[PDB]
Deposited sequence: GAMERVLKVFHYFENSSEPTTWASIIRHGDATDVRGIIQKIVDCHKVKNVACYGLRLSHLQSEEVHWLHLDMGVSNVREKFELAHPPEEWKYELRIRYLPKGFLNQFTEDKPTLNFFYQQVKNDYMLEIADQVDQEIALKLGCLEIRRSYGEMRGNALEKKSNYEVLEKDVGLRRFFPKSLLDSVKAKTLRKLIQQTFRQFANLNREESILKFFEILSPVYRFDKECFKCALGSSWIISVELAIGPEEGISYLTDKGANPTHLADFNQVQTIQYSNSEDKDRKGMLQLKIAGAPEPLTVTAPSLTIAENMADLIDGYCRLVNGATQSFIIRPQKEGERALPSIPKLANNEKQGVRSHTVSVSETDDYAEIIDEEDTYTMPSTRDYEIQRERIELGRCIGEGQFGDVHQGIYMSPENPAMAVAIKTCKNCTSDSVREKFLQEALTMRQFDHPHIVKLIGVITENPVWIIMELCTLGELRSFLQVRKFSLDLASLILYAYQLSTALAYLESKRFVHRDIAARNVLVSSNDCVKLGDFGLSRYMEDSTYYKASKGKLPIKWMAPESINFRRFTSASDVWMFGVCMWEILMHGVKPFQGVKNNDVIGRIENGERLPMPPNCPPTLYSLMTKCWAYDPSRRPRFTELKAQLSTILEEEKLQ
């Protein structure tokens, strides 16, 4: 078939949608699925993983045994409810004996595992954990997730307002905390309780998280409400964990009680209750003792689950690969991907035949593909100089789609200072045809004309740009990368905004151009575009000099974090510099809109033309 397996291998998408999509060949088993997924992620501790299946409307859960083939698994469950109300998630179930230490040396797992626990914390107990706790744990994730943001960042009103009003505090703290307490007050608490977690790197935040959490949430063991006994029955909470084996208790608070160490389980057996109710009957045989320790579950399903667990642990505590449970060509498992909504309608109209393009010389070097210059011959019309953007690893089916997504967007745009889309060639290898800006890249152009480009032409470029940006701001499109490197010159008196491509996924940077919230929290809005335009004006006014020449990249973060700003360029009017510094207002909401910058530059233009 295939089948969507949710998991916890981090990715810069909304966490709910973290999966892999696996095409399986017929008698492929659960082991096989799992085996592929963890190898995508360079996992060492492979034995620790399992595959759980749950309905959505009902909260019962099924642990799928390694050997059970996926095929007979789908059939036997999905013989009741549609594949849409079934969710398969990979998880960590069988923990080794020093598991945190162990995982320290298995980064992907330690991460997977953190992500796993957090989620259960968020779902099960966060909303009634002690309140300094929610605070601390919340802080730890903040500290972890934004591993690039300076430790004192949250002392700035507006930084916090990005979290609160843009990212969502619900992402880090439980619902009850947030609405039980005054926004203004909450700000301060968070501020104070972050102080201590300010200098912790990622790994350390995770360990502190566990260390803080465990004392009040026991993710190290799994507890069960079940009756023990043979024909004589008593009532307990069974406890299975790597550090104790198999304990019970009833008591109140006082000590639990050992039953059996995993290195002692001879065999595992599970029937339905051979009597009145279909209760879960689990039959553990223990080294020495001729009495098979009987356990009674409230359902077979729960019996199945407990069996899995123990079985998992025995297959672990001993180097074994195969079951401790009594038994009453074609392991294809390719990792694929997306089944997205098709490309919007659509090309019939801006389709170009490849025979109508002569592909000349190379002029630019992209990530996903090169940019060449060429001739285009529409026979109704004369030859045309064009830019052609070509795709490198062309037949990665969804790489192609993300590619010519760029062509779709460019189709919606029509503006004197944004590079026209001429057409597309949608067949591998896909090309996109755009107008060719002959005088090329702005930086170089300025550098070369440093002593023959008057101040007036300089502000013209700035203006021309701002119009392009306003145009885009109006169409709610965020560019994410405004810099002279990205601006072409079609003419001595004419620049055009270029690019509009994708950088997914995720990935992980033009720091020296970046709005601080981009650097701290990875938000990119129109306001950060205004920031970057700021730097871009500077660049222009500095005749293509790089902001912060010879300045190291965490040196820049701090400079700016403190209050430093790029110096007033030589022979830049004082208004325009005033206009730049507004763009570099730290707090986003204080920067002007492009529509407003357009208007200023316009008048700064006229004044400077007449004087």
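Absent C-alpha positions map to the deposited sequence ranges 1 to 4, 333 to 363, 544 to 553, in order along the chain.
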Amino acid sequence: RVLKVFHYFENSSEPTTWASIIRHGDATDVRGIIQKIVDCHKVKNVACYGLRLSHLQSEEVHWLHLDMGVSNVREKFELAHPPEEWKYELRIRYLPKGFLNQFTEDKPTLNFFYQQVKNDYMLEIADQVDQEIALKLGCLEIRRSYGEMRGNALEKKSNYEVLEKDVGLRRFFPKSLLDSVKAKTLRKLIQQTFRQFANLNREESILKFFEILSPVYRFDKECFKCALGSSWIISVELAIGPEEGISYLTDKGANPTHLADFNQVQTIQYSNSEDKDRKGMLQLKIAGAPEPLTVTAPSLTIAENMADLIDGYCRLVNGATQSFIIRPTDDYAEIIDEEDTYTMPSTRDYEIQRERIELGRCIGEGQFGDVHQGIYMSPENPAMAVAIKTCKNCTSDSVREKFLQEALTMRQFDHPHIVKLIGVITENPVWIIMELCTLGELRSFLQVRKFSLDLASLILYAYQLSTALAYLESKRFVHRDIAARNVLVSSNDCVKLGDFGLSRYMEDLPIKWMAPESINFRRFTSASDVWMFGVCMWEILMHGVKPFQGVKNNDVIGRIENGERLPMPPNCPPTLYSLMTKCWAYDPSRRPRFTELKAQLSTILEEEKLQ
From here on, numbers count along this sequence of modelled residues.
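47 to 55 and 552 to 560 differ in mean CA B-factor, and the higher of the two is recorded for 552 to 560. The question of which stretch, 411 to 419 or 209 to 217, has the higher mean Cα B factor is settled in favour of 209 to 217. Within the selection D529, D308, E204, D261, the deposited Cα B-factor values reach their highest point at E204. The residue among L186, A303, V535, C494 whose C-alpha carries the highest B-factor in the deposited model is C494. For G366, the recorded CA B-factor ranks within the middle third of the chain. Only modelled residues enter the ranking.
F524 sits in the lowest third of its chain by CA B factor, as recorded in the PDB entry. Split the chain's modelled residues into thirds by C-alpha temperature factor. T28 is in the middle one. Remark: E291 belongs to the lowest third of its chain, ranked by C-alpha B-factor as recorded.
Among all modelled residues in its chain, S589 ranks in the lowest third by Cα B-factor.
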